[PDB]
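Asks: quick one: experimental structure and sequence below.
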Amino acid sequence: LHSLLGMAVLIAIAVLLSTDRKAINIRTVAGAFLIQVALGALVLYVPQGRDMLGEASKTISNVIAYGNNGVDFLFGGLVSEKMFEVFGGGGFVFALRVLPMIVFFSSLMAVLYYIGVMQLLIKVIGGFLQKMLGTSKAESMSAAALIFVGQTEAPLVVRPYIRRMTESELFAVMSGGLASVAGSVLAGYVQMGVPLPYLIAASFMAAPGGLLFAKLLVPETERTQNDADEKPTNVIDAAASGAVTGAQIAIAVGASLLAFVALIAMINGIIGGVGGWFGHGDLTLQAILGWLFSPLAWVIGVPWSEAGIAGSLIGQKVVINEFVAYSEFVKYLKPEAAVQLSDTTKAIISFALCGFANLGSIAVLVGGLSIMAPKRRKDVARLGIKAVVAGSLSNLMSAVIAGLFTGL
Amino acid sequence: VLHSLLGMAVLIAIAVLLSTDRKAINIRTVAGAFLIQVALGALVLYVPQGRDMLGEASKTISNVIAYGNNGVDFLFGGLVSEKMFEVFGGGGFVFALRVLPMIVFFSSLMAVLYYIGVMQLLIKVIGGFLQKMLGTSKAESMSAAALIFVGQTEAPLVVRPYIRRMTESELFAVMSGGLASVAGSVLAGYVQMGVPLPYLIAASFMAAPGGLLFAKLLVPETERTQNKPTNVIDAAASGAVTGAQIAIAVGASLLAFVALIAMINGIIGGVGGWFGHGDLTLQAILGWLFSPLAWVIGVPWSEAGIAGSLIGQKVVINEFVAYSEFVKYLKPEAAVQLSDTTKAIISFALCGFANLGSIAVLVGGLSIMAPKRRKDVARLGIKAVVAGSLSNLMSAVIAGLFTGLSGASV
Amino acid sequence: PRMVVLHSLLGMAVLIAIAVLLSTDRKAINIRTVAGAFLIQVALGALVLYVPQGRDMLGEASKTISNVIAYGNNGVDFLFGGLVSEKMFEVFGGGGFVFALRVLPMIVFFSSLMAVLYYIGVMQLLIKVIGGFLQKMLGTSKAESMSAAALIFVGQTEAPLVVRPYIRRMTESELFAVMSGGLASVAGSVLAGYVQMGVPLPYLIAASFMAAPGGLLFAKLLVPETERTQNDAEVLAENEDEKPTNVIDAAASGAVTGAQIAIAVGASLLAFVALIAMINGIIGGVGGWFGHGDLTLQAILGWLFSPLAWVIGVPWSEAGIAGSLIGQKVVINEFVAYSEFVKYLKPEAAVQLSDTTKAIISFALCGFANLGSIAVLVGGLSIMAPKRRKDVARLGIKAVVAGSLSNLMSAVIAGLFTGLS
């Protein structure tokens, strides 16, 4: 049971990373953690919660299905099975397979707000969170939305509060957003791994976890209030509007992804460029990162042997989109691999890589969020990397909780 | 057939019913419009020389479009080639790659033409004819004359000086014809979708006097009226780009709408599943709803069941979703076979921008042009949609009349 | 080899002459500067295209850039999966090469990259150095120099931003020098695009490095300096903050920017090509009467610019073709030209082009000079200096001509040093 120990190590890291340890609201953070693990057992181990989890996952499976239908229309056969039949795994085309679902969830989002549904669920859940852990209404709203909808799409509803909110609340939105898995990305993994309820629970663990680590860094200052044109006439107006918005957002995202991935490749090339000089060549950044996160890899309860690979994967997770990490991941889960699953390590890696710690997500959030409040730009971007580490640790804590329920 | 005259009478009547002042109308005008519309109707769809001319037009335009697909073939490469069909079958047709680029191309082309001054001339002419026969103001005349060809963002270039000073009626006219017509872009799109071209052409020319018709029926004029690119290459570019962002917006819009409709039909499937309807679909509902109106226009009941659904999808969602479900029936492999006059009536009744979203579009864009009247715009609101819809409808009835009267085709 | 070099120098003399003919004031052309530029251009030509160390630097450059491009392609591979794989080649054949998917993304990438390298401060440095050299030898203004230097790497994508404080108040000759330098320049972004299209990389590199001083050359030949330059103590720069927050934000901003650029370019091409097919249709049809219905725009232009093509050293046999291509460059743009150029490169071609010609054309096509780029200048500069907008629009055509001539001279040089190797 290195799990609790691991948790301690994590929180220790937070403190080390924390700006102010004296301002920490324990009534907030401890409660958050508590809630996270509580929900964890709730959906997973004890109280037959896997049932409502199942109905949920089913429902959402149908959602993703619908989006997939629309896409099947717009892009025709390029998303069909024949692509696999010819190209194989490469037949899976992320651009077509995933990014449009941003448009879908954006539209759906707008629709619900026109209906008043998201209003309700956000009001309720955010109400609860704010009640127990005492964080401000806004950040609660955001973290609430993050469960259902995606990080990309989330900031659309915090806009009246953005110019208003403090450094702290802002950083909370940033972090929670990063750690969140919903909407686009959810469907994304479903297209590949498809472990629906795992990702579900990952979301429900992510949001308050984000809240947790966000308050372990920039806990509190002052307070905030609500501040009130072009508004949707009918449901269709909404649908189309949110669709377009989501579209150009998606384009942005794509460009970003291409960029960063390519850049990291460039960095490999750099590393090799120095190494072959230095006589010691053929060195991969992947291995470097492996060594780097290795202790951390072990701490969470991953056996050493497996911890090497795991650490590599996590390095990739931070500096590259989670999907690449996933690629080499299943490259390990495929047979003929010296590494084993251990029937724990697999699970604990899985949850860990669910979120977005990728720098690309910084760029996205910080960018758009800057567009909504250009005066806060410098502030936002200052906190990007911190936020990465935070959300990272959120997914990681979720993974530790998984490690807990691995045994029996 | 008398049934047609029934349709006409009914529609016109409905227009009258909604009028602000029924006694304020100018008979010379509205009857002028009606008479002109049906005149064109016969002219293109009845007389042999007419259908010949129309056919030649269709060929020419199709050659244009062909050039478009040539450029397309360049950009996306073999992804549009034949090999795709061999591989994916009917799924080898990729809506995005096949269609939207034509929005691009035509946007560019139209920019070019508007620059060179061709459209200037044509708009001048047709506008002239209209104000001559209908006694419409030069502003609204040129407007309706223009809305045939151009559209989307480039459409209100000619009306922009008048708008702020433009009357309540003429405004609603621009609104109306704005909705009734279609841009050349989305038109070509439709062609690529497999939609019959000639009928599209005819409808496009029918819109303007139809638009003016119902505009004047609903809101007559009680008050008196009045009265940048460098070189060609650049113009072509700007047109292409503008068209591109338009295309993107369209694609996203369609994806959204489709997926949503699927989701909703999921829900309704659930609800009606209580009574034992798993076949319950919003489609079927809408069809059941407009079925009477679907019949009035001259569609046989058996086929009116579907016609209602399609027209419905036009109204509540859009034209693209509609045509997308319509073209399934035109394919040879299609189970259900349809009457020719049905194909006609539908194809015409579906040509127009009249829908719910177009409201928002008008409001926003025109507000950007003349925000002072934005209140007036929203105030009018759906009345415009009604007008355009009815224009498309009357046109469709005419179509059914003559196509049913002689031969037509597929 | 006698007639080779003779004809080359002849061409040089021709271009320069035509320049002087169109000059505003024939008098007061500072020779030190113009001949300096000329000699620098031909110098670099001698460097990369002839002497071994030159080709060492150039070869190494090409390799490096190629690797960068490979990284970008790794990114592309990420997004579009199998659609970029070899399967598309084997299944779809030549049609398996998808322009949109295999080119524009590179524009995205290099946009990001150049943004980063600009952020870290590398570009500012290189610019400052090279422009230092240029202002030193040529005696031109600091502004002009910095501009022409910056445009070797970042083209119309990002504003030069080095001249932002200088633009408003700079003179006609400086303005026109920036304009010209712009049109002759090639963005780093659009470069890789050219590359993937099958265009030879080294020639591109060389073309750009040659381009900057060439732009300066014909700028000064057309519009000599009749007035005082600016002193850096005379200026308020402003322009605080704006786009980049940090290296991340940099890579992103560059990414998105490059994206919408790429889209714009895509639609641009779609339209242009289709329109060309259309016009060729018309010309064919009408031409059916006089007996040639195979007549095209390509053919006409080739039948037009042929003499010039000969002048720069292209043989008469290949003249019509070369002139065709360059024609398309002038009246439309570069992407179109290269698009039909590469068809002569593949070994399966129905036509064999001499190495010398291949080089010549390869260079003569490198630049943004066209009739379509004017507006870009106009607007882009108008934002920075609205009062000068009229002055800009006055100079557009002339600038087109300048950059054109720059590219031409560079091509000539190439043609000389190829026969010498």
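Replies: Nice, thanks for sending it over. Residues are numbered from 1 along each chain as shown, chains lettered A, B, ... in the order given.
Asks: for chain C, see how far away residue A:146 is.
Replies: Noted for residue A:146: a distance of 21 Å to chain C, by Cβ to the nearest Cβ, to the nearest Å. C-beta: built from backbone N, CA, C; applies to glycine.
Asks: just checking, that residue touches residue A:206?
Replies: Yes - with contacts counted by Cβ atoms under 8 Å, residue A:146 reaches residue A:206, the gap being 7.2 Å.
Asks: which stretches of the stretch 251-400 of chain A form helices?
Replies: A:285-299, A:304-319, A:322-333, A:345-352, A:359-372, A:377-382, A:384-406 (DSSP state H, counting those that start in this stretch).
Asks: got JSON lines for those helices, with distance to residue A:198 and mean neighbour count too?
Replies: JSON lines is the format used below for those (distance: least, Cβ to Cβ, whole Å; neighbours: other Cβ atoms under 10 Å in any protein chain shown):
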{"stretch": "helix A:285-299", "distance to residue A:198": "20", "mean neighbour count": "19"}
{"stretch": "helix A:304-319", "distance to residue A:198": "16", "mean neighbour count": "22"}
{"stretch": "helix A:322-333", "distance to residue A:198": "13", "mean neighbour count": "18"}
{"stretch": "helix A:345-352", "distance to residue A:198": "6", "mean neighbour count": "23"}
{"stretch": "helix A:359-372", "distance to residue A:198": "21", "mean neighbour count": "22"}
{"stretch": "helix A:377-382", "distance to residue A:198": "31", "mean neighbour count": "19"}
{"stretch": "helix A:384-406", "distance to residue A:198": "9", "mean neighbour count": "24"}
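Asks: out of the ones you listed, which is closest to residue A:233?
Replies: helix A:359-372 (22.8 Å; Cβ to Cβ).
Asks: what helices or strands is that closest one leaning on?
Replies: helix A:159-162, helix A:167-179, helix A:235-278, helix A:377-382, helix A:384-406, helix C:247-290 (3 or more Cβ pairs under 8 Å, 6 or more residues apart in numbering or on different chains; DSSP states H and E).
Asks: how far does it sit from its chain's centre?
Replies: 14 Å (Cα atoms, centre = their mean, to the nearest Å).
Asks: which residues touch that helix?
Replies: A:151-152, A:155, A:159, A:162, A:173-174, A:177-178, A:249, A:252-253, A:256-257, A:259-260, A:318-319, A:321, A:376-377, A:380-381, A:384-385, A:387-388, C:245, C:248-249, C:251-253, C:255-256 (Cβ atoms under 8 Å, 6 or more residues apart in numbering or on different chains).
Asks: same deal with stretch A:51-69?
Replies: A:43-44, A:79, A:100-101, A:104-105, A:108, A:186-187, A:190, A:196-197, A:200-201, B:258-260, B:262-263, B:266.
Asks: close enough to count as contact, residue A:11 and residue A:216?
Replies: Yes - contact criterion Cβ under 8 Å: residue A:11 and residue A:216 qualify, at 7.1 Å.
Asks: ok, the two, which is more surrounded?
Replies: Comparing residue A:11 with residue A:216 by other Cβ atoms under 10 Å in any protein chain shown, the one with more neighbours is residue A:216, at 25 against 19.
Asks: any idea how far chain C is from residue A:124?
Replies: Taking Cβ to the nearest Cβ, one finds residue A:124 at 35 Å from chain C.
Asks: what about that residue, neighbour count?
Replies: 11.
Asks: then the one 4 residues further on?
Replies: Using other Cβ under 10 Å, residue A:128 is surrounded by 13 other residues.
Asks: swap in residue A:264?
Replies: Residue A:264 has 21 nearby residues by other Cβ under 10 Å.
Asks: got the contact list for the nearest residue to it once chain neighbours are set aside?
Replies: Distances taken as Cβ to Cβ, 6 or more residues apart in numbering or on different chains put residue A:320 closest to residue A:264, at 5.3 Å, once the chain neighbours are dropped. Neighbouring residues of residue A:320 by Cβ under 8 Å, 6+ apart: A:260-261, A:264, A:358.
Asks: swap in 7 Å and give it another go.
Replies: A:261, A:264, A:358 (Cβ atoms under 7 Å, 6 or more residues apart in numbering or on different chains).
Asks: which phi and psi does it have?
Replies: phi -140, psi 160 (degrees, to the nearest 10).
Asks: what's the answer for residue A:152, then?
Replies: phi -60, psi -50.
Asks: could you pull up phi and psi at the residue nearest the centre of chain A?
Replies: Geometric centre of chain A, nearest residue: residue A:355, 2.5 Å, by Cα atoms, centre = their mean. Backbone geometry at residue A:355, expressed as degrees, to the nearest 10, gives phi -70, psi -170.
Asks: roughly how far does it sit from chain B?
Replies: 25 Å.
Asks: wait, that residue sits on residue A:182?
Replies: No - between residue A:355 and residue A:182 there is no contact under Cβ atoms under 7 Å: 10.2 Å.
Asks: please name the nearest non-neighbouring residue to residue A:223.
Replies: residue A:136 (7.1 Å).
Asks: same question, residue A:83
Replies: residue A:91 is the one closest to residue A:83 (Cβ to Cβ, 6+ apart), at 3.5 Å.
Asks: for the one you found, give me its contacts.
Replies: With Cβ under 7 Å, 6+ apart, residue A:91 has these contacts: A:83-84, C:81-82.
Asks: cutoff 10 Å now
Replies: A:78-85, A:97, C:81-83, C:85, C:87 (Cβ atoms under 10 Å, 6 or more residues apart in numbering or on different chains).
Asks: quick one, what contacts the residue nearest to the centre of chain A?
Replies: A:151, A:177-181, A:185, A:202-203, A:205-206, A:209-210, A:317, A:322, A:361, A:388, A:391-392, A:394-396, A:398.
Asks: and for residue A:96?
Replies: So residue A:96 contacts A:71, A:74-76, A:78-79, A:83, B:94, B:96, C:79-81, C:83 (Cβ under 10 Å, 6+ apart).
Asks: rerun that using 8 Å as the cut-off
Replies: Neighbours of residue A:96 in contact, by Cβ under 8 Å, 6+ apart: A:71, A:75, A:78-79.
Asks: residue A:225 now?
Replies: Going by Cβ under 8 Å, 6+ apart, residue A:225 touches residue A:164.
Asks: also residue A:294?
Replies: Contacts of residue A:294 by Cβ under 8 Å, 6+ apart are A:307-308, A:311.
Asks: swap in 6 Å and give it another go.
Replies: By Cβ atoms under 6 Å, 6 or more residues apart in numbering or on different chains, the residues touching residue A:294 are A:307, A:311.
Asks: measure stretch A:341-358 end to end?
Replies: This stretch, stretch A:341-358, spans 25 Å end to end (Cα to Cα, to the nearest Å).
Asks: mind checking how far that stretch is from the chain centre?
Replies: On Cα atoms, centre = their mean, the centre of stretch A:341-358 falls 12 Å from the chain's centre.
Asks: repeat that for stretch A:114-126.
Replies: The answer for stretch A:114-126 is 21 Å, by Cα atoms, centre = their mean.
Asks: quick check: buried residues in that stretch?
Replies: A:114, A:118, A:122, A:125-126 (16 or more other Cβ atoms under 10 Å in any protein chain shown).
Asks: from those, pick the one nearest chain B.
Replies: Here the nearest of the buried residues of stretch A:114-126 to chain B, counting by Cβ to the nearest Cβ, is residue A:114; it sits at 11.6 Å.
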